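Two forms, one chain: they're shown below as structure tokens, one block per form, named structure 1 and structure 2.
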Structure 1
């Protein structure tokens, strides 16, 4: 966990995901103080987060000239990505270009010092074999089209597009290269958080109530997947729940082993949204392999960030658990010395 990789698409609350992760690690998540104001980087005393947009080879206007998207590998310089995170992993400060999302250009570099924990997040952290050989853990955030577009209506890119406050051409121009080049990276993730429309009730295009699968890879050295009641078995669990007033659809947990890109995985799934902070502390209490340090830490960490999107559903619950898992992987890896 000296180097983490988070594959996720723009506008999927990866921002919110990054902040839950950082807080478990060291809680600061602030951009560099005196440089470019349009820097994508975040810094804490323990972790530094790098947006892989900064390794675009082609700027916005150049990408248009060649009529390739930010998702094209042609649009991204992977050789430089590889050498730079290889340098950051080995204690070497690096001169990192800055992709300016506002003006669309590749601006003068940022000087990145080598962090205790390095997170590279964006479209291609698992795309290139050389780079994932550097990663000690990898995450993929899978937002299905329905939930993506549902967030893309108001809330996320708030009905601002051009034709019916919809630039929806974007999704239909990006998705070809997205399914060609981004989605196949799921295969290399130790943890996938998959967000889908709810099996419970009829909502969307508002979203809000979600079926969130947490796919965890078995057989990866310091990662024991969380399980519910009996590991290896197939389980449904409706925690209701006298303490539980919840809810309009309620919450239903699911647990089952599965094979995922012909990798054996365990899947924990939560449908619906919880509610009382005394009633999600119930939920934590019946999961195991939460790799927490003390009782209630999942809820503690969730309560701290009680402001956050997805803080009432599996999106925040699983993102918070993934963070604790990765810190476990840290405390292990930071422990392996010395002679």
Structure 2
């Protein structure tokens, strides 16, 4: 009775630190299948196997170029195969999954995937097909706003330094139609959306370092008690920076509020600003509720295992870690019932 997690993300197979945070919570070390194709996207842990959804492309790079179809387009993807093989793994049956090697852009011969305890499917289209969506036990959508997507390319993406800003936004133009038509709509099916926006604390900041990030959590979901702050259901702003907790400019600002998201009820926890000192993280964790921690400080402790990770100092790393614990709480209850259900 293996558990399947969806993660809709745009950062490309292999460049998601969200995936690496979930992995550290779930198991030990995700390493490619020992021996075999060095271009394989699959990552295997003691508990978890991450599958890249590019592997189910129905069109290679030259293929897609021939049809002038992007990788965002459902035409370029085989959802029948994805659906059948996620189904088989969830029911304990191995699959021959084709490998999409990114260095050559060809659809490579398949690899034998063994059912794990936790299966995470990650890529552009995890929740696009209703049949695949019904197999997911939890659904995540990482929503990067266009404004920090562009900032991160300027401030961090070393490989696009060769391109000017005029052609980098002209790269975003020709990708937006396919993205908004086929990628963005998947948010409505996620149990947890993490939305990364520019910061409102310092005016006109476009650097992508200080971030306003929203954690949107679906209500009414079995085994998922959303995080809350002080008074669940209420609308709160909370600035912990004060006399007993000094912060540098511009500090930490929190918002907790209910909301309606795609005609679904959600509750939203927000963080704007970034942690100066570790005291601020510990103070923040000590005042949040329904974190699904097993001991005191696990959120902070789980983050300190990856102090080098991008976003370890703002709500991005804070909420991605919290999400991992919530999923762990869910699959513990989910396999607690299936253990007794034989």
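Throughout, rigid core stands for the largest set of C-alpha atoms superposing within 1.5 Å between the two forms. Numbering follows the first chain given and starts at 1.
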Listed 130, 186, 208, 243; moving between the two structures by 2 Å or more at the CA after core fit is just 243
Does residue 327 move appreciably between the two structures, meaning a CA displacement of 2 Å or more on the superposed rigid core?
no
Q. So with the core overlaid, does the Cα of residue 161 end up 2 Å or more away between the two structures?
A. yes
Notebook entry, point to check: Taking the rigid core as the reference frame, is the Cα of residue 144 displaced by 2 Å or more between the two structures?
Noted result: no
The CA shift of residue 117 between the two structures, rigid core aligned, in angstrom, is 0.2
Superposed on the core, the Cα displacement of residue 14 between the two structures in Å comes to 5.6
Expressed in angstrom, the C-alpha movement of residue 305 between the two structures on a rigid core superposition is 1.1
